[PDB]
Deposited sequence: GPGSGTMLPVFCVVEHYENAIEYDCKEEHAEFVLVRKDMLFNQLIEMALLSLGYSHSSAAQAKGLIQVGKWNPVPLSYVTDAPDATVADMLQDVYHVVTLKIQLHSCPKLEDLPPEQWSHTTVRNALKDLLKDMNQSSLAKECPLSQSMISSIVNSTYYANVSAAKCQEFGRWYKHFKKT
């Protein structure tokens, strides 16, 4: 188990407004093309390994960006995962219905948080807290990301209905 040319890596691919399993990769290749190779093995355009974001998660920890693992471009898959491949899960994010088109009950806290994140680019919290069904101390929690920080099914459903309408006016 290393020896060998391959290393098993458990992968999960995603995109959100089974599919989760080991793929053998080249222990000898570059840690920084791991997302690419994993995705190719799965059948993904070369260019689909571009709109792709990677989060690596140890046992039941919060996952972190592959940035945290190492900052040496020259490290390999083996250098880094030889020892942990049995406990790590690679989380690939592929970055298409529109938010306004999402029906209010399909709305989740993650999509509310995404919706809010876009809006705040070109708006203010107090103003946004004004006719969206959220409060200001509610809206800070969700964007802060901590910890938690939770929107009930009722508010999620209402924020989403409001969002659909707000977007077409």
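Missing from the model, by position in the deposited sequence, are residues 1, 19 to 27, 106.
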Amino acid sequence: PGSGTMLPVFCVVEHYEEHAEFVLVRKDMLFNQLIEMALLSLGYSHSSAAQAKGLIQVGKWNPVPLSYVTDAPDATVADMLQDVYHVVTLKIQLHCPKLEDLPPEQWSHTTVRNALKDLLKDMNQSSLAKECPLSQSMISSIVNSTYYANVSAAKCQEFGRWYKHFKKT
From here on, numbers count along this sequence of modelled residues.
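Look at the C-alpha B-factors of 6 to 14 and of 144 to 152. On average they run higher in 144 to 152. In this entry, 71 to 79 has the higher mean Cα B-factor, the comparison being between 71 to 79 and 86 to 94. Sorting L102, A38, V112, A49 by the CA temperature factor given in the entry leaves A49 at the top. In the deposited entry, the Cα temperature factor of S108 sits in the bottom third of values across the chain's modelled residues.
Sort the modelled residues of the chain by CA B factor and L42 lands in the lowest third. Among all modelled residues in this chain, the alpha-carbon of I139 has a temperature factor (C-alpha) in the middle third. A129: CA B factor in the middle third of modelled residues in this chain (values from the PDB entry). Sort the chain's modelled residues by C-alpha temperature factor and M29 lands in the middle third, per the entry.
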